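Quick notes on the structure that follows.
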Amino acid sequence: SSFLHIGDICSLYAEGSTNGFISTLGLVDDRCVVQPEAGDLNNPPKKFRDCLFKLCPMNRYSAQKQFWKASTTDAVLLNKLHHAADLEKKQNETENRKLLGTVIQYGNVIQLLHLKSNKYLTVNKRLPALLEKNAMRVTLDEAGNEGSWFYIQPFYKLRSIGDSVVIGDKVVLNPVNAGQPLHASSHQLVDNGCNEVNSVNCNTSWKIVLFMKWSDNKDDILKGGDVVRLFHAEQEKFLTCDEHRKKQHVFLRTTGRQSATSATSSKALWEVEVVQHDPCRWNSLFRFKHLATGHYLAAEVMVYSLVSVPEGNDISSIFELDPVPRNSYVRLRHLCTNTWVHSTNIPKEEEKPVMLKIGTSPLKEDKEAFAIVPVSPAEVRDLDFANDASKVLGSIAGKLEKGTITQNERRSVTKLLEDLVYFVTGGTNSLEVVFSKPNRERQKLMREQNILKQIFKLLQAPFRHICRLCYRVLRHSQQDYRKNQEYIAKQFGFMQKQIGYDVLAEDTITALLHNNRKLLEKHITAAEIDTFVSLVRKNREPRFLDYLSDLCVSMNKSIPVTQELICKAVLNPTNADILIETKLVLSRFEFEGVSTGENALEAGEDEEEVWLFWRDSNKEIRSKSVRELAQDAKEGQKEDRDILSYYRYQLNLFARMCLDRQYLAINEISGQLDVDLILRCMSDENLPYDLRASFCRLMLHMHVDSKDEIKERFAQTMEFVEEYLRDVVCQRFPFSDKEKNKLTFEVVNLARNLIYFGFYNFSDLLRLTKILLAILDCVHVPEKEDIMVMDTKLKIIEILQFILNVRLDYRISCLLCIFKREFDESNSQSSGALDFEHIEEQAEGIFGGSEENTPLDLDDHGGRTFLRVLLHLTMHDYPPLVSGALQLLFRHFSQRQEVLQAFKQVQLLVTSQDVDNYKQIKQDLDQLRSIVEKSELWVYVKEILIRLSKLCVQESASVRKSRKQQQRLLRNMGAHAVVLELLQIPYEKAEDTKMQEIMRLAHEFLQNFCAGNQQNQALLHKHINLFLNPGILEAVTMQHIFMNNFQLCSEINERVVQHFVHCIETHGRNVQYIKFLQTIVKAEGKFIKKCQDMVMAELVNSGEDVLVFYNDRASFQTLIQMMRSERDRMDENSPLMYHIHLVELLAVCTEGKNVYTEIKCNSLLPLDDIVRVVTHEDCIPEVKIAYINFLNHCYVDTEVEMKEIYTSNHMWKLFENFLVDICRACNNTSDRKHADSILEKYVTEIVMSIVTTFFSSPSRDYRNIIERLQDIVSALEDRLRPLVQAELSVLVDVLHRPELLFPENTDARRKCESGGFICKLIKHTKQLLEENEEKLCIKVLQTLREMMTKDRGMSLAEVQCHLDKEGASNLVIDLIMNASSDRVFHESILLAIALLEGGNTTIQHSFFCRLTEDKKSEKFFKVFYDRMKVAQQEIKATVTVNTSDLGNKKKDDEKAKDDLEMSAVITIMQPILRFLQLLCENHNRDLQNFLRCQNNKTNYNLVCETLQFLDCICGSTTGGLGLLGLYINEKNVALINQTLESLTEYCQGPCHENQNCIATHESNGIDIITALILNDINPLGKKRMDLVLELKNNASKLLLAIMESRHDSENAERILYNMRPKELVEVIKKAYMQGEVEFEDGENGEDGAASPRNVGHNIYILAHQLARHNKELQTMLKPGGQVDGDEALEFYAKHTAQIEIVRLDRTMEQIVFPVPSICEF
Ligand SMILES: O=P(O)(O)O[C@@H]1[C@H](O)[C@H](O)[C@@H](OP(=O)(O)O)[C@H](OP(=O)(O)O)[C@H]1O
């Protein structure tokens, strides 16, 4: 019949004197029970997921119960023991898998696993039970033990031992050794109707109720009870059920992350109800229970909308799935209602909301697919184990709140309070802890499952282990977790009082201090004072006092501090002596120098207390430098001495990072520095890991080659250094080097810092470097060893910091001017005009940096407004001291009550290097989003909204990459949501008003049109509108309101934009723009008419932005018939210089009326209206309303037939399109343009384009100057000459391995060779920094020179050697980064990789070989490159193809005036292009094997984009090619041919599906391909000579590759493209006659054969088409026969053509028949 098996999943129903299913009290409490009234057989229980067990085989518990005697002092023997405990724990797994399915026999020895708990049921032999006294305690242990073994032996003798166990059977589970058999009790429990199961001989029998067979393949199958989220495929939004308005509602949630599948919220899951008959285990339906609350899903009252239902039994809650597999992405439908869910966009009371509202729909959409994402059971158990907590505190906090709690409770809750600290740290902290590292997912759970709510709700009203036992948990939960932190500082109005309650509560604050910061200080104020008065009174050793001290950090701290000094000067007494003054202290230090106790013990307290707080003073002195007098440091001890000279330096010269000079100068030298820069750089900058840096050291060891009164302290210094050296003769830096290093540490910063504040411009502070070289070098130079390395580690930042500093900018200043020796003219050894007087004025500016506001005497008067010199030389080439200008800058961030700000400040506004400076400007960026948040809280003392603005624009007029850098997820939606939060209500009347500019400088999306403002939907998604109807509103901000709208929602790419240019204002808008806005503007400014005509432009412009996007799936049909009729109304205006930017914007708005309108017209007179308008114009030169009015006459003259429907006649429109086109020299004699060839030209190929349409109709300055020149001549000469030598040395590295072999001859087996591949693994790790910069780029250089060894001087074993030694796999893993970084080098980056690989495809394969392996890790990254062309593609074609298509001069030939400087611009344009191109070349040079070409089962792998892209420049070119200029344009040709060879290496495999898919997916590209060659070049010349040899050698090879096969389908699509027989025979008689008739070509040209191995490739292609068909027999007759002289020069082919195929044994598995091989003498 039907048995049980290992891996079946069932439930047990007791039937002794008590009946029931066994079950747990949760994941907190580990007790077993049977709640008898919860459920019987007929009426299954409610929460039956807690009464399922899996039959597990018998577990091996030998070496784990031995490792369970952690009696052992040895470490290596506990490691053996546990290793065993582990290996057994597993060997268990393995065997038990094997025992899966196996029929249990009675008296087999089976354990019974608790699923929801996952714990094993266990008898604990050696105990009493809790509720029954004699019975052994039965509990749920996680891992199991021998007392988890239970003979499944029979109860009633209906079956016996041996017999297989049937489903249902009643048995005695009898512990194997743990004694008495299982027995469900008769005693209920204290807190719950539930009985405690215990091990006692009793007459209890167990009914074996099977749940889910062992046939539960998972994770493989969604089977009932699985837990999954239901992602939205389109809305990239999980499905989520919460309360809004105390009301349970379901919703997709909007996430602010940058990865929609990480916005995981416990509130976002669902449990699967594969409906059955009996409650038991792809075609039936399924029900969904909201995991969190317990309710089920249903769509009730679009006909239906998903929302929550409280019991899962009614038939609404019943759904079905549509394409069962895990992680399936299904389309579901509602059963009781037959509707296919469907998402809306309507959300409520909030500002920028998230809970999106969901219905269903009788119509099967396609995009509405849900990913059946499966969730971690462990995750699962997390939520469970947390709920548990929530309720435990639910009872206890509800039970110690209105009274007392028992002693049993405390014991458990504290326990808990323990267990938590345990979970939330991912199992690290606990107690004598060791580490404490937080866990993000579980913290989050704390918040969203209202654990937190409970705790607080628990404290509220002995505590020694509650709070700040609690406050330790919290100290935890907030850690590093910003989101949570914004709680632990505020949480906290308590936790300061509670921060008193615990000597254990200081920790709270301190964690704070470190991570937490800014908001703490606030609530304390002088509260602190009580605590420190208190603490200084109560913390004697002041330890708590002290941790209060090291709590000091950040600038804002110093104040309360000093006041304390006051009370602390109050506190000064100490009853003890610290004295001598030289004498008795040096004694107290000998006395402490004895290791003594008591006395010598106590001492330490003070020292500590001092060093920390003292340093607590930052760059704060005076009151510290006052506080710091005698600068004594003989017994310097631990940097006391040091921190003291440190404050004593805060008292003298703030080193302002001089950096005096500028100009091309700098760069040359950096080159000189060479790699070491790098070396040092990477070591410190990177080699966070000591090693790497260590290396750059190997680099070093190789290298080898109040000024006075401060000095004094110094001398003391250079000694302690030299000292720190001989100690460096001390190699062992063991432990000593805590001390000594520590000491050194401050020192060095210091000393570093030292050199810095006291360097001087002569050989000397320099020679002090020499002794440094010795220092650095003499500076020599796992498990516990990491903690320790810490030191050597800081020992780096500085050693390099140090090393760097000097090394860096210090290194090399003199050489600069020193070579002052003279040039051309007459000797002059150093033996922007007066740059010294605006940098000595600018020193008056450093000087300026110094000051403060209390010097009432010097503050306003003397300094005054230097800005003028600034304003005067804003125009002048930035000086080097502009960062130092910025110095001046930084300060002002403090405030601005005074008004004088603006003046000096505006000098800063005065600048002429926005791009370069602005990138620097972002620095405030956070500070700034303040200044626009503050500057915006008082705008729509004045200089922070205006200077916050000027900042805005100088950025806003900046690089696309600039536009990109706004990245205002942190925080646009808040400079908008907040900037609006006050600026929407607030609008300024004309003419001064400012909300439209700081908002407006932002949307410069390439200065029009509607592209690159994707960010706008969400930010603009989430807002409060502007005003309407009765009444009126405030000027400026409205106008502002309309256009900005356009800019947010003008994306031509998303259908929102129609509903957008419609949502809110819509068609209705038109009406209110008939009257009453003049009234508002009248009232609105003295120049009211200015506000009312800007309203006319706004009201005219709804076409313009994303106008392609406005129309769309259905925009125009809605406004069909109303809006044009409505438009005549505003047909008349005047005085419009402004309003004629509203007739040029009412000539681009008026341009947006009739383009996309093919079939919605039934109205009149529009034409006459426009025409009269263009005639009635006055004012500015026509050129613009003749390009707005000429642009009109073309857009109107093309359509031909639709406009003639539009009116009786357009006869005034060709004497106006022929007066607008005939014209004069401006229209009289302005004489202002000099690219005529380009004008008349783009005009005449635009007039050739127009022709086509019609048929488809329906003393000192000399110093500055001679300097500039010798700089140019020198620069050219020099710069040009040296870099090659530097590239050769850069090549020196490439030796690489052998290099480590020579000199570093590395004995006892050291690792000289193979220095590349690890430096490698290294740098790959290195890009984790957002900025890789020239470091990266310089690498790039050294690789293409790795190509240099074989060229720049075996290569493929170097290509294949890196290959070998960490090769290919890395770089690949890498290039992905080139999105953000490398963007401007990733191009460079690409070229370099490709060279060293190519021609050595073998090593490459090794590459791939490796690569595929990451099948998943591999397949996603795919879609990329694709969209980088693709992306590069559609648009890229557009940009320069069409302006180029109007080509030059399209006016006949026998002041060439060919537009000047064309080549530089196309290079620029073809920058991003060029990226894409070099791409092509690489793509070609790796191809080889088929699976390679096969584009492994990637995520988005459609070669299609290439065709599109190819197709893209092709785009419009069905006939003999008329892009011409674009076709006759150069950069195009290289890009292509490479595409033809890469593409050519793809269909070269001749994949039947390859050749078949292409043309299809391009469904055009192909055809074009065909069309060019039968009009192969009209423009002859060098330019045309290359258009032929490409046009036919690439076409030849490519054509060939696509067609080297047999089917029938893949031939037709290309043929129909050509009048092929005639296009190919008169192109083979016009290329073979054009190419044949000359015969002066170069001979034996390995190189080119063009019109004949081509024209012959014609004859070859034709030859290859004759396999089947009848049409091809047709075009086939002519070579096939003929005496004709053209069929006899064609005969001159067929015989002088090979015209014969080569024999094929067949490659791969005996398959394809044949293909020709040239041999046509
Ligand atoms: O940038 P940070 O400081 O890492 O902070 C995260 C950022 O705000 C994410 O947008 C947010 O996800 P959502 O937008 O989906 O909330 C995430 O929340 P989470 O931690 O709750 O996922 C934050 O932790």
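Plus 309 on top of the position in the sequence shown (first one is 1) and you've got the numbering used here.
Cβ coordinates follow ideal geometry from the N, Cα and C atoms, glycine included.
Can you check which of these residues, the options, is closest to residue i by C-alpha distance?
i: residue 1133; options: 1475, 844, 1322 and 1575; result: 1575
i: residue 1003; options: 912, 850, 1106 and 1966; result: 1106
i: residue 1883; options: 1837, 1890 and 1933; result: 1933
i: residue 1965; options: 1990, 2003, 1994 and 1036; result: 2003
i: residue 1877; options: 1900, 1857 and 522; result: 1900
i: residue 1108; options: 2008, 423 and 1059; result: 1059
i: residue 1853; options: 1831, 1830 and 1908; result: 1908
i: residue 1194; options: 856, 1218 and 948; result: 1218
i: residue 713; options: 767, 745, 688 and 821; result: 767
i: residue 1304; options: 1292, 1623 and 599; result: 1292
For ligand 1, any of its heavy atoms closer than 7 Å to the Cβ of residue i?
i: residue 1436; result: no
i: residue 792; result: yes
i: residue 753; result: yes
i: residue 572; result: yes
Would you please state the rounded distance, in angstroms, between the beta carbons of residue i and residue j? I believe it to be under 8 Å.
i: residue 1672; j: residue 1708; result: 13 Å between Cβ atoms; not a contact.
i: residue 1856; j: residue 1910; result: 4 Å
i: residue 1650; j: residue 1734; result: The Cβ separation is near 23 Å, so there is no contact.
i: residue 1414; j: residue 1318; result: 6 Å
For ligand 2, I want to know if residue i counts as a neighbour, meaning its beta carbon is within less than 7 Å of at least one of the ligand's heavy atoms.
i: residue 565; result: By its list of ligands, the structure shown excludes ligand 2, since it contains just ligand 1.
Count the other CB atoms, across all protein chains shown, that sit within 10 Å of the CB of residue i; report buried if there are 16 or more and exposed otherwise.
i: residue 1403; result: buried
i: residue 2017; result: exposed
i: residue 1848; result: buried
i: residue 1185; result: exposed
For residue i versus residue j, is the C-beta spacing smaller than 8 Å?
i: residue 1382; j: residue 1343; result: no
i: residue 477; j: residue 517; result: yes
i: residue 457; j: residue 415; result: no
i: residue 1916; j: residue 1973; result: no
i: residue 1547; j: residue 1768; result: yes
i: residue 1835; j: residue 1750; result: yes
i: residue 573; j: residue 561; result: no
i: residue 1525; j: residue 1480; result: yes
i: residue 1488; j: residue 1409; result: no
i: residue 483; j: residue 520; result: no
i: residue 588; j: residue 357; result: yes
i: residue 774; j: residue 745; result: no
i: residue 349; j: residue 328; result: yes
i: residue 633; j: residue 677; result: no
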